[PDB]
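Trainee: Everything below, folded, please.
(2 chains)
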Amino acid sequence: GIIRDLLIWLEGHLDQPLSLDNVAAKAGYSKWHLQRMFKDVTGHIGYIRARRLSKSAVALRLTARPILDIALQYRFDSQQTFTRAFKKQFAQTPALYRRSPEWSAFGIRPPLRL
DNA sequence: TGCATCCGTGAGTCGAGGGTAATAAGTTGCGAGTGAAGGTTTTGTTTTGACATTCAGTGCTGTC
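Mentor: Numbers count the residues shown, from 1 in each chain, chains lettered A, B, ... in the order given. See the structure here:
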């Protein structure tokens, strides 16, 4: 029942509030108990990383800002830490992703509309 | 003691519109130097064996 409210706030707050699990522990419950409370609902929450990589991927293709704002806008640690997450997930360079004139759904994790 | 032959000064602030013209040899080599161009070079930038580490994904256990 209760932690429905985490789902689309996370659609809205992968932004300027740097939310970690202890910042996600501000949703009422503990660090370890929110995990399995999210697990049997969804199957897959720390999804957040995907939204961070999905949520950064609105900035590559659909806004004209270059790459250095992107690795620090949507709450990743660094430009290699971004591309470490990028290459584990999308298996590309984002300089080889946005510059390419074609773009399809290989690595971009969907948001949970459960 | 003149005789002239040159030297060197004539106030002070603003406004004023814009400005130059005479004349003239060619032909010939050859050297030093502005470009375009050979893209390769020194320096900006991309991923993988892995481990101390933070951490999130597994179930567990414990309480009120």
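Trainee: Mind listing residues that contact whichever strand or helix holds residue A:72?
Mentor: Residue A:72 is part of helix A:67-73 when elements are defined by DSSP states H and E. Under the criterion CB atoms under 8 Å, 6 or more residues apart in numbering, residues A:15, A:56, A:59-60, A:78-79, A:81-83, A:94-95 lie in contact with helix A:67-73. Where you see a C-beta, it was placed from the backbone N, CA and C, and this is true even at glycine.
Trainee: Burial check on the residue of chain A found nearest DNA strand B, number of neighbours?
Mentor: Nearest residue of chain A to DNA strand B (CB to the nearest atom of the strand) works out as residue A:46 at 2.4 Å. When neighbours are counted by other CB atoms under 10 Å, residue A:46 registers 12.
Trainee: and residue A:70, how far is that from residue A:76?
Mentor: Distance from residue A:70 to residue A:76, counting by CB to CB, to the nearest Å: 8 Å.
Trainee: cool, and residue A:111?
Mentor: Residue A:111 is 18 Å from residue A:76, by CB to CB.
Trainee: who's more crowded, those two?
Mentor: residue A:76 (23 against 15).
Trainee: Apart from its chain neighbours, what residue comes closest to that one?
Mentor: Excluding the flanking residues, the one nearest residue A:76 by CB to CB, 6 or more residues apart in numbering is residue A:82, at 4.7 Å.
Trainee: picking that back up, what do residue A:70 and residue A:76 both touch?
Mentor: Joint contacts of residue A:70 and residue A:76 (CB under 8 Å, 6+ apart) are A:56, A:82.
Trainee: what's the helix or strand following the helix holding residue A:72 packed up against?
Mentor: Along the chain past helix A:67-73, the next helix or strand (assigned with DSSP H and E) turns out to be helix A:79-89. If contacts are counted by 3 or more CB pairs under 8 Å, 6 or more residues apart in numbering; DSSP states H and E, helix A:79-89 sits against helix A:48-61, helix A:67-73.
Trainee: which one of those has the most crowded surroundings?
Mentor: helix A:48-61 (a mean of 19; mean count of other CB atoms under 10 Å).
Trainee: What parts of chain A come near DNA strand B?
Mentor: A:20-21, A:31-33, A:35-36, A:38-39, A:43-47, A:49, A:79-80, A:83, A:87, A:92-93, A:95-96 (CB under 7 Å from any atom of the strand).
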